[PDB]
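K.L.:
Protein chains in written order, with the numbering used here: chain A, 233 to 349; chain B, 42 to 323. This is the structure I want to talk about, given as structure tokens.
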Amino acid sequence: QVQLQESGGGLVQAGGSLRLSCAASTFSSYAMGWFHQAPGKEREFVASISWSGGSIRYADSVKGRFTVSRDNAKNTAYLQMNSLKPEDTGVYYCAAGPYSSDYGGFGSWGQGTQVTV
Amino acid sequence: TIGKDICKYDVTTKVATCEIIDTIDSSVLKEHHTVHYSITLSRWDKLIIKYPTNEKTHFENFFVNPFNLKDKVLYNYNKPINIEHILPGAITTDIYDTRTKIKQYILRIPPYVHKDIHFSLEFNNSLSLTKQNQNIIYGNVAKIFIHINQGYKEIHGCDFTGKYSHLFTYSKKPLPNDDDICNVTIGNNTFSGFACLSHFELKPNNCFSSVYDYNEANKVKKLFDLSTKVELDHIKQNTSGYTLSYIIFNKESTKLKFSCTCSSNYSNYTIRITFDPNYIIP
Ligand SMILES: *[C@@H]1O[C@H](CO)[C@@H](O[C@@H]2O[C@H](CO)[C@@H](O)[C@H](O)[C@H]2NC(C)=O)[C@H](O)[C@H]1NC(C)=O
Ligand SMILES: *[C@@H]1O[C@H](CO)[C@@H](O)[C@H](O)[C@H]1NC(C)=O
């Protein structure tokens, strides 16, 4: 499939900002998604973006604060994290797959990066 | 405007199917933004739902709730929960066609339902849009409301996990250095089956799809070589970590005897089924 690796995690205060990237090593035909796992919880959907960037979906709880984007030429996706709230703390995963409309679309997973608010 | 619809039930196959793709497609005008499907099922029924992925044209912003549709349903129609937690022994499969971009969710109700339950599934195309004849048309939402009746009879078979005691007749928590053989005799129209830890090795492969033929020196044979009047189902690893297999005979004439084993480095657990057409269970 696709090898994924994330980066960019950090500590911040309520209102701070951070920017994750995810690198693939065929990325340009996959949907990408970001997922958040707080301690003791499952990997919860944060955002997804179609291969073209034309279709983007956000969890209802991060609308307006996060922005997903991607750079197919450079095989990189990004999550821009603004207005960080304390609930946002946890591990952030990037994932890729042919589709992103249900969890089973995501066949490739990164290793997570910590985000502490 | 919330519409209503039904899921077709094939009486012969005991299969309910809900047809939602054309209902939520964004390329055709509809008067309902949300359609409600209600279906009532019982033990051993199957529910099949074909649904799109967002690679499919006119479903580009489609999504499902619960997002992990394979594992979860909406309990009391609102909160996600693992279907195993409300319908223990449930089997789901979730198959994706890489070419048509259509998926098939299938839910088998286990052979015994210990408690009456309700749950729902949502297929939400409301964010997808198509420009058709200079009109921007949006997709719709289908919600399926499922009610399952109490299950009539415990399974006459072998829970080697100690966690499905409410589902099977024989149930014992597994202890190290065990050599347990669970003997079962069944007549027609009677469920058998077993539960093991999924990290145990199940022999022969995908039992009961292949079984040891007792009447031929425990040769490995496909179940279809021994009978063609039998229904079966299997899950290798459910979200709780357990393997289950189910089997039932319908109008089978030949007396059959077969077995399967779940083994580890500590213990052996054997299920031996004697099917007797003339047997009447007490
Ligand atoms: C279908 O999904 C849409 C789009 O996400 C849902 O509408 C959102 O619902 C949440 C919670 O009710 C609101 O906070 C958002 O403002 C809604 N967004 C939009 C764009 O309307 C909707 O509830 C889902 N279900 C149905 C039946 O439409
Ligand atoms: C399980 O069976 C194997 C051979 O099938 C045997 O070597 C092992 O000792 C058995 N386990 C017991 C007796 O607990």
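Ideal placement from N, C-alpha and C gives every residue a C-beta, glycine not left out.
Does DSSP put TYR146/B in a helix, a strand or coil?
P.N.:
Correct three-state label for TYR146/B: strand.
K.L.:
To the nearest angstrom, report how far apart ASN304/A and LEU236/A are at their CA atoms.
P.N.:
Distance between the alpha carbons of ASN304/A and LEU236/A is about 14 Å.
K.L.:
For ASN246/B, count the other beta carbons within 10 Å of its own beta carbon; 16 or more makes it buried, fewer makes it exposed. Which is it?
P.N.:
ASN246/B should be labelled exposed.
K.L.:
List the residues of chain A whose Cβ lies closer than 7 Å to the Cβ of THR94/B, in chain order.
P.N.:
Chain A residues near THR94/B: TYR331, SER333, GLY337.
K.L.:
Can you give, in chain order, each stretch of the beta strand (DSSP E) that sits fully within the segment 205-292 of chain B and has at least 3 residues?
P.N.:
Counting only runs of 3 or more, we get 209-212, 220-227, 232-238, 242-244, 251-254, 260-263, 271-276, 283-290.
K.L.:
Kindly examine ligand 1 and report whether one of its heavy atoms sits closer than 7 Å to the Cβ of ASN165/B.
P.N.:
Answer for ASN165/B: yes, Cβ within range of ligand 1.
K.L.:
Which residues in chain A sit within 7 Å of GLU125/B, going by Cβ to Cβ distance?
P.N.:
Going along chain A, no residue has its Cβ under 7 Å from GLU125/B, so there is no contact; the nearest lies around 14 Å.
K.L.:
With 8 Å set as the bound, which would you pick, yes or no: does the beta-carbon of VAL56/B sit closer than that to a beta-carbon of chain A?
P.N.:
No, no contact with chain A.
K.L.:
Is it the case that the CB of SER304/B approaches a heavy atom of ligand 3 more closely than 7 Å?
P.N.:
With respect to small molecules bound, the structure shown includes ligand 1 and ligand 2 and not ligand 3.
K.L.:
For the alpha helix (DSSP H) containing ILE196/B, name the first residue and the last one.
P.N.:
Here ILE196/B belongs to no alpha helix (DSSP H); instead the beta strand (DSSP E) covers 196-200.
K.L.:
If you follow the beta strand (DSSP E) that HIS188/B is part of, which residue opens it and which one closes it?
P.N.:
182-189 is the extent of the beta strand (DSSP E) around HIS188/B.
K.L.:
By DSSP, does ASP138/B sit in helix, in strand, or in coil?
P.N.:
Three-state result, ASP138/B: coil.
K.L.:
Can you tell me where the beta strand (DSSP E) with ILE178/B in it begins and where it stops?
P.N.:
Per DSSP, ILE178/B belongs to the beta strand (DSSP E) from 176-179.
K.L.:
Identify the residues that DSSP records as bridge partners of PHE160/B: which are they?
P.N.:
Note: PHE160/B sits in a beta bridge opposite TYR116/B, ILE187/B.
K.L.:
Where do the ends of the alpha helix (DSSP H) carrying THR98/B lie?
P.N.:
Element bounds for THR98/B: n/a, residue is neither H nor E.
K.L.:
Thinking just about the alpha-carbon of each residue, which of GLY44/B, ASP266/B, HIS188/B, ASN218/B is nearest to the one in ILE150/B?
P.N.:
Among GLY44/B, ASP266/B, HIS188/B, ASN218/B, the Cα nearest to that of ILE150/B is on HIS188/B.
K.L.:
Taking the straight line between their C-alpha atoms, what separation do you get for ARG251/A and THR171/B?
P.N.:
Each residue's alpha carbon lies about 33 Å from the other.
K.L.:
Quick check on the burial criterion: 16 or more other C-beta atoms within 10 angstroms. Buried or exposed for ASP220/B?
P.N.:
By the neighbour-count rule (16 or more Cβ atoms within 10 Å), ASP220/B is not buried but exposed.
K.L.:
Could you name the residues whose beta carbon sits closer than 5 Å to any heavy atom belonging to ligand 2, keeping them in chain order?
P.N.:
Those residues, listed in chain order, are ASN218/B, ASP220/B, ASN309/B.
K.L.:
Which residues, in order along the segment 228-244 of chain B, keep a beta-carbon less than 9 Å from a beta-carbon of chain A?
P.N.:
From the segment 228-244 of chain B, no residue has a Cβ closer than 9 Å to chain A.
K.L.:
Using only the alpha-carbon positions, how far apart do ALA236/B and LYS277/B sit?
P.N.:
Distance between the alpha carbons of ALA236/B and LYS277/B is about 10 Å.
K.L.:
Thinking just about the alpha-carbon of each residue, which of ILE147/B, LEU148/B, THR139/B, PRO152/B is nearest to the one in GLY337/A?
P.N.:
It is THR139/B.
K.L.:
Given a limit of 7 Å on CB to CB distance, which residues of the segment 94-122 of chain B reach chain A?
P.N.:
Within the segment 94-122 of chain B, the qualifying residues are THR94, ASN95, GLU96, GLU101, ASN102, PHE103, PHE104, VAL105, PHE108, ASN109, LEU110, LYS111.
K.L.:
Go through the segment 274-315 of chain A residue by residue and report every complete run of the beta strand (DSSP E) that reaches 3 residues or more, in order.
P.N.:
Complete beta strand (DSSP E) runs here, min 3: 276-281, 288-290, 298-303, 308-313.
K.L.:
Considering just the uninterrupted stretch of the beta strand (DSSP E) at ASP46/B, what are its terminal residues?
P.N.:
Run containing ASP46/B: 43-47, per the beta strand (DSSP E) assignment.
K.L.:
Could you pull out every residue in the same chain whose Cβ sits closer than 7 Å to the Cβ of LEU82/B, ignoring the five residues on either side in sequence?
P.N.:
Here the set comprises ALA57, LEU88, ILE150, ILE187, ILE189.
K.L.:
Terminal residues of the continuous alpha helix (DSSP H) containing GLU125/B?
P.N.:
124-127 is the span of the alpha helix (DSSP H), which, as asked, contains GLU125/B.
K.L.:
Measuring alpha carbon to alpha carbon, tell me which of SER287/A, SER293/A, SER260/A ends up nearest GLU276/A.
P.N.:
Taking only the C-alpha atoms, the option nearest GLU276/A is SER293/A.
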